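Comments concern the structure below.
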Amino acid sequence: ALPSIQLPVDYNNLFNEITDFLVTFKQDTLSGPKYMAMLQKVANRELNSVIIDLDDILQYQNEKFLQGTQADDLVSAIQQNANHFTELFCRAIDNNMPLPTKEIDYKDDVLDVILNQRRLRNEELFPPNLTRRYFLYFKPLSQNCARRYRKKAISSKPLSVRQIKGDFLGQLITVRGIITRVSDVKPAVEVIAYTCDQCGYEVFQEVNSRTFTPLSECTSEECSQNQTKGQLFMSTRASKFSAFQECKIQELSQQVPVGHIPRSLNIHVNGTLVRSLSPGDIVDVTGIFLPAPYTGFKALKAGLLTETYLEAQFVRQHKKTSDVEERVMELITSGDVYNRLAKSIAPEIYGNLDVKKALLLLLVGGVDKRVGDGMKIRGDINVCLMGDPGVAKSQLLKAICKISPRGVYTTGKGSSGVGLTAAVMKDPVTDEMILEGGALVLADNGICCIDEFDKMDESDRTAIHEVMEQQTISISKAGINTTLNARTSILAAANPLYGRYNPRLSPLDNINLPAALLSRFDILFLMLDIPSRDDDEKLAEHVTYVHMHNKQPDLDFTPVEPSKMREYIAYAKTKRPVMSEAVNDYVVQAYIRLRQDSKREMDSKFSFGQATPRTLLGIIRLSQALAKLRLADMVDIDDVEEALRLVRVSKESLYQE
Amino acid sequence: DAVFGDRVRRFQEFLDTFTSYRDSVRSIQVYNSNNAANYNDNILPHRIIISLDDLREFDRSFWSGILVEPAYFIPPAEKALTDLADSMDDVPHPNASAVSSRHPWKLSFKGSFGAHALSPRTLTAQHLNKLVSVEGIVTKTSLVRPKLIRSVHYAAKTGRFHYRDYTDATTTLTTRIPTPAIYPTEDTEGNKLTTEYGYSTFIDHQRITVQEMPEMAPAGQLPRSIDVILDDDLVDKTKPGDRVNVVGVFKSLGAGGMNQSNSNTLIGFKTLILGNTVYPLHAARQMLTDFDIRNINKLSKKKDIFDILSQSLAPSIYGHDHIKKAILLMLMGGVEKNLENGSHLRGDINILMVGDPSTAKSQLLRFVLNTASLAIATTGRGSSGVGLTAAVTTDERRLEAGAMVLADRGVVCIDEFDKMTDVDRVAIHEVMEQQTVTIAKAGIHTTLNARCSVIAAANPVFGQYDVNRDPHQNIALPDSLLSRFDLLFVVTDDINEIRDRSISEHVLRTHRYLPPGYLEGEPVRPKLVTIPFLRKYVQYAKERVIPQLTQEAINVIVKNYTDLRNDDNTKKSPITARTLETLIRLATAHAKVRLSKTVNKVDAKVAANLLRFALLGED
DNA sequence: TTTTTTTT
Ligand SMILES: Nc1ncnc2c1ncn2[C@@H]1O[C@H](COP(=O)(O)OP(=O)(O)OP(O)(O)=S)[C@@H](O)[C@H]1O
Ligand SMILES: Nc1ncnc2c1ncn2[C@@H]1O[C@H](COP(=O)(O)OP(=O)(O)O)[C@@H](O)[C@H]1O
Ligand SMILES: [Mg+2]
Ligand SMILES: [Mg+2]
Ligand SMILES: [Zn+2]
């Protein structure tokens with residue numbers, strides 16, 4: 001009959017230690033108490049969420065032990081039974097809660113406005129969470145220290161979904177995985193307040209279950225004093241509320257055992273942390289892993305078997321300031337950052353440095369422009385690679401996809417045109433047609449890589465025509481007439497008809513693409529493979545070194561690290577330069593010259609398709625991107641001539657023969 | 001009760017009889033302890049497989065009681081085992097959770113079940129409440145799931161912890177009053193309780209459906225299947241389509257219509273098998289013994305051992321020695337590098353031969369299939385692009401795994417690949433090259449590992465390879481796919497009376513083969529390693545060899561590749577960087593066969609020899 | 001059954 005069990009824990013001692021830590025602990029080694037400082041901000045209502053770092057707890061424990069204490073090993077303790085300790089920390093915060101400083105934010109807070117009133121009428125009465133306005137949280141232990149070592153068996157180590165074991169229930173844990181889907185935020189009440197006129201008393205029902213039943217009667221004294229039976233009424237204003245959202249994390253294919261379907265865990269998020277996540281993005285999350293109780297009837301149906309979920313204390317993203325600023329001036333002072341980055345791209349790959357340069361220009365992307373009249377011209381840049389097989393094209397695209405923070409990789413056959421752009425699922429639930437974000441949607445504000453683009457269906461090719469020239473995606477499918485912004489960059493890989501280019505065939509014929517499609521690309525690269533004894537030797541030596549030593553042969557070159565390129569690329573993209581009139585004259589003359597060339601150069605041998613205004617816009621985008629790299633406030637004629645050189649090289653690669 | 005304690009002490013005596021059990025228990029305890037010690041960042045489960053014959057000999061009475069009345073003998077037996085472990089165990093400084101864990105020790109049995117051995121179809125109600133074992137293939141594996149067994153609760157305002165345990169038919173062999181399954185909300189005194197998760201204990205519950213062996217399945221009968229409640233460590237010990245023999249207590253459940261609520265009462269009680277131990281049945285993973293590893297090492301000492309192993313392969317087939325060697329290297333695979341930046345460096349070989357009808361190329365693929373540790377057999381027409389790579393399945397809409405996804409680290413083979421639909425061929429392109437599969441159909445973006453090795457077969461564009469006509473004419477496949485693919489082996493029939501007689505005698509002797517046991521008219525049912533020993537060698541190599549490039553081998557490879565690419569001479573397929581990668585992987589595989597952590601110039605020389613033998617022709 | 005994107 002509920003037999004008592006002795007356990008080596010005293011919640012009173014642990015609470016005292018927690019209070020001593022909060023009031024005492026300061027980030028002096030890093031540098032009033034930092035925790036007391038946070039509580040002071042909370043009193044100022046500056047912050048409504050509190051994060052208690054387990055590493056800070058460990059530091060405090062180390063300090064106490066070095067001093068010599070009957071340490072309660074709180075940092076370890078929180079892991080075993082996290083929720084009760086979170087409640088204890090919240091209570092301690094309230095106990096050590098400092099008074100308001102500066103000006104308090106209760107200018108119109110109904111709680112503060114009426115809570116005191118309620119007290120004056122009265123002159124735990126009400127649930128502590130009702131007054132509490134701070135969302136408690138816990139930062140996961142930093143694995144770098146792993147001072148627990150023997151104790152740190154895998155605590156910080158993120159674990160796949162299947163890696164999770166019922167033993168971990170009630171314990172803080174870390175998981176790495178992609179967010180399959182995210183629900184829309186919804187409100188939830190920590191406390192429900194009913195108001196009845198007969199009493200004039202505002203009872204405070206507190207609910208922690210998934211569902212609750214209304215009181216529908218007054219236990220309030222005033223109704224009891226008169227013997228009256230109260231008709232309680234819900235008061236949303238009085239009742240406390242919190243935001244809630246739900247997210248599902250699924251196992252990574254790498255984590256997934258061969259022949260095993262990925263497992264997904266439902267994630268509950270509340271308070272400030274809500275909306276922090278983003279669907280389809282790799283993330284490492286740490287939080288309390290708890291069972292999910294049932295409804296009474298479904299509970300009886302299920303019995304001892306229980307649903308389980310995760311409540312995320314903290315979120316870490318593998319990818320998305322002054323430190324950044326210094327890091328970038330380092331490379332800026334190094335100079336030649338443009339060519340240095342181009343070489344740094346695909347360190348594995350040998351040669352094709354011009355291709356790498358163009359890829360970098362695409363990565364930064366051209367300036368997106370909107371006109372006062374309302375015109376908007378796509379600033380994104382799209383490049384096509386049309387070359388003989390086995391020239392590392394696919395490798396290059398995969399490298400770029402990894403490089404870009406939001407990049408997504410795709411193949412034409414494996415991806416449906418509808419799925420590539422967007423899919424209408426007839427029956428997610430109740431057989432209600434729903435639009436599904438396609439690969440392009442996933443690539444929004446990112447780069448989408450399409451291989452075998454020639455093998456891609458022509459109809460789906462026309463489908464992507466809209467998105468690539470025009471950012472938005474308009475869908476009028478059955479039951480769904482909607483538009484999606486769908487701003488993203490496109491990189492396509494394909495090979496000449498019959499596999500490899502035929503010199504006898506015209507460049508356009510070997511390309512075998514719609515002229516509308518061709519023009520919509522800002523650039524097409526006709527990289528070709530010809531046997532060159534010396535060049536073959538050089539490439540073979542490079543590849544052999546790469547095999548022998550995983551690092552590519554240095555070749556008197558230094559390659560910047562991926563995080564560094566992404567940081568610098570973001571900074572450069574922030575520029576948005578504006579070009580000048582001399583550049584206008586130069587580019588206008590060049591465009592006129594090119595159009596005249598095409599108007600005379602229809603010959604199949606040298607025919608690459610007629611020049612179009614889209615070509616001029618792409619040239620302008622490339623010049624603006626070059627300025628972004630150079631970080632200049634205005635585009636320079638140097639950038640224009642460089643872009644012209646890039647295009648001329650792309651076309652002349654064949655002419656060189 | 002008194003019988004229960006008597007059985008407990010009897011099993012204690014049994015354990016005392018065979019220290020091997022106690023020795024294994026101590027090994028488990030010490031192993032877990034040392035694992036917990038210095039955890040830089042698995043724990044053996046508390047379970048023992050007691051030999052049934054040991055019990056039968058030590059005390060036939062207790063053994064029979066276990067087999068017939070497990071519900072009355074197994075419980076006290078495991079109780080005694082747990083007590084012996086704990087008393088013998090140090091259990092030093094147990095964690096607060098460890099204190100409340102009460103993690104007990106489970107029991108298990110091995111072989112010698114006699115009549116208790118059964119099959120899903122051969123099972124019978126009579127066997128109910130008796131320990132039994134059956135064999136079959138797993139299907140409809142239900143997902144893992146937690147299950148409350150204890151509800152450790154802290155009595156706030158009183159500084160105390162009041163736990164409650166929970167009972168379920170699956171959890172306990174014996175029938176017990178069902179637990180209300182309600183978290184203790186308030187102390188019996190009246191002090192509100194708090195659900196102290198983590199401290200409260202849970203178990204992993206799984207449900208699977210093992211069906212009778214289709215081979216055993218009688219004609220015109222749907223194979224009967226029975227369910228097994230896998231628990232704890234037993235959970236996740238198998239998956240669908242796993243031929244396995246399991247041991248459990250065949251048990252009955254429910255009201256079977258006996259309940260008053262039942263109106264018709266024309267139903268029967270539910271029955272289940274609370275599996276205590278599971279024995280997977282591959283008939284896979286080859287096994288090695290120190291003596292075998294020493295034999296392998298000495299065998300590597302042999303110089304041309306590569307040739308010997310190659311000949312050992314396809315001994316029935318004749319004439320394709322070079323193709324046999326290529327298959328050998330493929331099986332050895334090579335080293336797949338993966339740069340820290342993220343780049344993936346294929347280290348796998350692919351083999352394909354264009355051959356005349358009846359060339360045995362299909363038979364050769366059949367041999368490679370059976371000998372292979374994990375292989376995938378399919379054919380051009382019989383395969384599908386989605387069926388080969390993956391198909392989005394309505395299931396939430398899931399993604400069906402195609403052949404390539406299957407055996408991702410294993411091997412794959414295709415017959416009549418030329419007859420494969422070109423759309424599915426371009427589907428293959430990405431799988432093979434990138435060694436991965438990505439699908440974004442039906443609004444389901446996905447990426448999958450696809451590094452499985454592939455060995456296709458095909459007939460020339462004209463049935464008979466016309467040497468006069470170009471290989472491109474003779475090959476319907478795009479050169480891109482060909483260059484994508486690794487090693488082209490054009491095999492052509494020839495009327496060489498000497499050779500014709502050679503193969504005639506080969507096949508005649510083959511058909512003359514005699515099973516040593518059998519004789520003439522008795523229907524069934526130079527050195528060459530044994531095929532099981534051959535596979536053992538291959539696995540040992542792949543497990544414990546990683547050849548490293550040598551600058552000399554690098555020089556040889558570079559020279560060969562650059563010349564061949566710059567060699568104007570007509571080639572079976574165009575020379576490309578993929579040719580250089582193929583050279584690297586071939587040298588890696590040859591060095592692997594040499595069981596050397598460092599490549600040798602000889603390895604690369606042999607690789608180049610075979611590559612010229614194929615790409616340019618006989619060399 | 002009928003209507004219905006979507007994939008096969
Ligand atoms: N310049 C190079 N540097 C490094 N590796 C190279 C180079 N050229 C070719 N390779 C390698 O040779 C192979 C080329 O084929 P893949 O990269 O698989 O695909 P690809 O055919 O080059 O591009 P596609 O036509 O879009 S599939 C890869 O293994 C590359 O690593
Ligand atoms: N060189 C050979 N050595 C041994 N058997 C051979 C040889 N050539 C053909 N055969 C026999 O011919 C039969 C049919 O071969 P098959 O696999 O159909 O060839 P293909 O795949 O070219 O049609 C096989 O069973 C094989 O035993
Ligand atoms: Mg490629
Ligand atoms: Mg055949
Ligand atoms: Zn009232």
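Residues in the structure tokens are named by chain (A, B, ... in the order shown) and by number from 1 within that chain; ligands are numbered from 1 in the order shown.
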Which protein, DNA or RNA residues have an atom within 7 Å of ligand 5, counting only C-alpha atoms (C1' of nucleotides) and all ligand atoms, as number ranges by chain?
A: 195-201, 218, 220, 222-223, 229-232
Write out as JSON lines a residue-level contact list of chain C versus chain A with cut-off 9 Å: for each qualifying residue the closest pair of atoms and the distance in Å to one decimal, counting only C-alpha atoms (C1' of nucleotides), rows sorted by chain and residue number upward.
{"residue": "C:4", "atom": "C1'", "partner": "A:426", "partner_atom": "CA", "distance": 7.5}
{"residue": "C:5", "atom": "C1'", "partner": "A:426", "partner_atom": "CA", "distance": 6.1}
{"residue": "C:6", "atom": "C1'", "partner": "A:425", "partner_atom": "CA", "distance": 7.7}
{"residue": "C:7", "atom": "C1'", "partner": "A:416", "partner_atom": "CA", "distance": 9.0}
Write out, as a PDB file, in the first residue's frame, the residues just selected, with N, CA, C and O atoms (P, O5', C5', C4', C3', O3' and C1' of nucleotides).
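File out16.pdb, as written:
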ATOM      1  P    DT C   4     -13.704  16.159 -59.208  1.00  0.00           P
ATOM      2  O5'  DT C   4     -12.322  15.509 -58.727  1.00  0.00           O
ATOM      3  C5'  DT C   4     -11.785  15.850 -57.456  1.00  0.00           C
ATOM      4  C4'  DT C   4     -10.433  15.192 -57.233  1.00  0.00           C
ATOM      5  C3'  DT C   4      -9.490  15.232 -58.423  1.00  0.00           C
ATOM      6  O3'  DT C   4      -8.753  16.445 -58.463  1.00  0.00           O
ATOM      7  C1'  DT C   4      -9.545  13.030 -57.503  1.00  0.00           C
ATOM      8  P    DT C   5      -7.768  16.740 -59.697  1.00  0.00           P
ATOM      9  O5'  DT C   5      -6.317  16.421 -59.115  1.00  0.00           O
ATOM     10  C5'  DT C   5      -5.711  17.324 -58.206  1.00  0.00           C
ATOM     11  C4'  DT C   5      -4.716  16.611 -57.313  1.00  0.00           C
ATOM     12  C3'  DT C   5      -3.305  16.487 -57.898  1.00  0.00           C
ATOM     13  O3'  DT C   5      -2.339  16.970 -56.972  1.00  0.00           O
ATOM     14  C1'  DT C   5      -4.092  14.367 -57.171  1.00  0.00           C
ATOM     15  P    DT C   6      -0.816  17.187 -57.428  1.00  0.00           P
ATOM     16  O5'  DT C   6      -0.192  15.722 -57.358  1.00  0.00           O
ATOM     17  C5'  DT C   6      -0.301  14.971 -56.159  1.00  0.00           C
ATOM     18  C4'  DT C   6       0.050  13.513 -56.393  1.00  0.00           C
ATOM     19  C3'  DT C   6       1.084  13.261 -57.475  1.00  0.00           C
ATOM     20  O3'  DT C   6       2.399  13.358 -56.954  1.00  0.00           O
ATOM     21  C1'  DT C   6      -0.680  11.600 -57.464  1.00  0.00           C
ATOM     22  P    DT C   7       3.661  13.064 -57.902  1.00  0.00           P
ATOM     23  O5'  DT C   7       3.754  11.469 -57.924  1.00  0.00           O
ATOM     24  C5'  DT C   7       3.836  10.756 -56.702  1.00  0.00           C
ATOM     25  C4'  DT C   7       3.602   9.273 -56.916  1.00  0.00           C
ATOM     26  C3'  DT C   7       4.616   8.591 -57.842  1.00  0.00           C
ATOM     27  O3'  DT C   7       5.259   7.521 -57.169  1.00  0.00           O
ATOM     28  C1'  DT C   7       2.385   8.025 -58.454  1.00  0.00           C
TER      29       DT C   7
END
According to DSSP computed on the backbone, where in stretch 83-161 of chain A is there helix (DSSP H, G or I)? Give the residues as a ChimeraX atom specification.
/A:83-95,110-122,128-131
Neighbouring residues of ligand 2 are defined here as those with any atom at most 9 Å from a ligand atom, counting only C-alpha atoms (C1' of nucleotides) and all ligand atoms; list them as an NGL selection string.
:B and (314-320 or 354-366 or 415-416 or 457-459 or 491 or 493 or 503-504 or 506-507)
Residue subset to file, keeping N, CA, C and O atoms, as a short mmCIF file (atom, residue, chain, number, x, y, z; two decimals), in the first residue's frame:
data_model
loop_
_atom_site.label_atom_id
_atom_site.label_comp_id
_atom_site.auth_asym_id
_atom_site.auth_seq_id
_atom_site.Cartn_x
_atom_site.Cartn_y
_atom_site.Cartn_z
N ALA B 314 33.64 -19.88 -59.20
CA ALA B 314 32.99 -20.44 -60.37
C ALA B 314 33.76 -21.66 -60.88
O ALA B 314 34.06 -21.74 -62.08
N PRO B 315 34.09 -22.61 -60.01
CA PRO B 315 34.83 -23.78 -60.49
C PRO B 315 34.07 -24.56 -61.53
O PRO B 315 34.68 -25.13 -62.45
N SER B 316 32.74 -24.61 -61.43
CA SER B 316 31.94 -25.24 -62.46
C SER B 316 32.11 -24.54 -63.80
O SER B 316 32.24 -25.20 -64.84
N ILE B 317 32.10 -23.22 -63.80
CA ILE B 317 32.25 -22.46 -65.03
C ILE B 317 33.72 -22.45 -65.43
O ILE B 317 34.62 -22.53 -64.59
N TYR B 318 33.96 -22.34 -66.73
CA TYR B 318 35.31 -22.43 -67.28
C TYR B 318 35.54 -21.32 -68.29
O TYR B 318 34.62 -20.89 -68.99
N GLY B 319 36.80 -20.86 -68.37
CA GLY B 319 37.24 -19.97 -69.41
C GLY B 319 37.27 -18.50 -69.04
O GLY B 319 37.96 -17.72 -69.71
N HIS B 320 36.57 -18.10 -67.98
CA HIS B 320 36.46 -16.70 -67.60
C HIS B 320 37.36 -16.34 -66.43
O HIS B 320 36.98 -15.55 -65.56
N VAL B 354 29.02 -8.19 -71.43
CA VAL B 354 28.15 -8.40 -72.58
C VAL B 354 28.56 -9.72 -73.21
O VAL B 354 29.71 -9.90 -73.61
N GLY B 355 27.62 -10.66 -73.25
CA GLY B 355 27.93 -12.01 -73.65
C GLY B 355 26.83 -12.60 -74.51
O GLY B 355 25.69 -12.12 -74.52
N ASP B 356 27.19 -13.64 -75.24
CA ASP B 356 26.24 -14.31 -76.10
C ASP B 356 25.24 -15.09 -75.26
O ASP B 356 25.49 -15.39 -74.09
N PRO B 357 24.08 -15.44 -75.83
CA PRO B 357 23.13 -16.26 -75.08
C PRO B 357 23.76 -17.57 -74.65
O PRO B 357 24.60 -18.13 -75.35
N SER B 358 23.37 -18.04 -73.47
CA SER B 358 23.90 -19.26 -72.87
C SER B 358 25.37 -19.15 -72.53
O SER B 358 26.04 -20.17 -72.34
N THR B 359 25.91 -17.93 -72.45
CA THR B 359 27.32 -17.76 -72.14
C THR B 359 27.66 -18.19 -70.72
O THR B 359 28.84 -18.30 -70.38
N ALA B 360 26.65 -18.44 -69.89
CA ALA B 360 26.77 -18.74 -68.46
C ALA B 360 26.98 -17.46 -67.67
O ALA B 360 27.06 -17.52 -66.43
N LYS B 361 27.08 -16.31 -68.33
CA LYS B 361 27.17 -15.05 -67.61
C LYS B 361 26.06 -14.94 -66.58
O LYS B 361 26.30 -14.52 -65.44
N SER B 362 24.84 -15.32 -66.95
CA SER B 362 23.77 -15.39 -65.97
C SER B 362 24.10 -16.41 -64.89
O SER B 362 23.89 -16.16 -63.69
N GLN B 363 24.63 -17.57 -65.28
CA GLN B 363 25.04 -18.56 -64.30
C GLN B 363 26.17 -18.03 -63.42
O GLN B 363 26.22 -18.30 -62.22
N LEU B 364 27.09 -17.28 -64.02
CA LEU B 364 28.17 -16.68 -63.24
C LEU B 364 27.60 -15.72 -62.19
O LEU B 364 28.03 -15.72 -61.03
N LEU B 365 26.63 -14.90 -62.60
CA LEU B 365 25.98 -14.02 -61.64
C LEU B 365 25.28 -14.82 -60.55
O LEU B 365 25.26 -14.41 -59.39
N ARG B 366 24.69 -15.95 -60.92
CA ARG B 366 24.04 -16.80 -59.93
C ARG B 366 25.06 -17.28 -58.90
O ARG B 366 24.79 -17.29 -57.69
N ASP B 415 20.36 -9.31 -64.21
CA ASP B 415 20.43 -10.08 -65.44
C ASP B 415 19.71 -9.35 -66.57
O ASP B 415 18.71 -8.66 -66.36
N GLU B 416 20.23 -9.51 -67.78
CA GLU B 416 19.68 -8.87 -68.96
C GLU B 416 19.52 -7.37 -68.73
O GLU B 416 18.50 -6.75 -69.06
N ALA B 457 24.50 -8.02 -66.03
CA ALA B 457 24.82 -8.83 -67.19
C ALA B 457 23.91 -8.40 -68.34
O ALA B 457 22.81 -7.89 -68.10
N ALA B 458 24.37 -8.62 -69.56
CA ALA B 458 23.63 -8.16 -70.73
C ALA B 458 24.09 -8.93 -71.96
O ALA B 458 25.19 -9.49 -71.99
N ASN B 459 23.23 -8.94 -72.97
CA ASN B 459 23.58 -9.44 -74.29
C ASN B 459 23.80 -8.27 -75.24
O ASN B 459 23.15 -7.23 -75.11
N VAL B 491 32.46 -10.78 -73.55
CA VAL B 491 32.71 -12.21 -73.69
C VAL B 491 32.01 -12.68 -74.95
O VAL B 491 30.82 -12.42 -75.14
N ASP B 493 31.52 -16.00 -77.81
CA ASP B 493 31.70 -17.40 -78.13
C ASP B 493 32.63 -17.55 -79.33
O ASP B 493 32.70 -16.68 -80.20
N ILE B 503 35.62 -27.35 -72.90
CA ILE B 503 34.41 -27.07 -72.14
C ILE B 503 33.45 -28.25 -72.17
O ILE B 503 32.72 -28.50 -71.21
N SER B 504 33.40 -28.98 -73.29
CA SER B 504 32.55 -30.17 -73.33
C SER B 504 32.94 -31.15 -72.25
O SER B 504 32.10 -31.66 -71.50
N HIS B 506 34.66 -30.42 -69.56
CA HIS B 506 34.39 -29.79 -68.28
C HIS B 506 32.96 -30.05 -67.84
O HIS B 506 32.71 -30.51 -66.72
N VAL B 507 32.00 -29.76 -68.71
CA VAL B 507 30.59 -29.92 -68.35
C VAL B 507 30.26 -31.39 -68.16
O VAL B 507 29.44 -31.74 -67.30
#
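Residue nearest ligand 4 within the list B:440, B:552, B:379, B:189: B:379 [criterion: smallest interatomic distance, only C-alpha atoms and all ligand atoms].
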Tell me the residues of chain A close to chain B, meaning within 6 Å using only C-alpha atoms, as a PyMOL selection string.
chain A and resi 2-5+7-8+80-81+149-150+153-154+166+169-171+304-306+389+413-416+419+423+436+438+499+531+533+536-537+540+548
Option closest in space to ligand 1, from A:630, A:600, A:538, A:263 [counting only C-alpha atoms and all ligand atoms]:
A:538
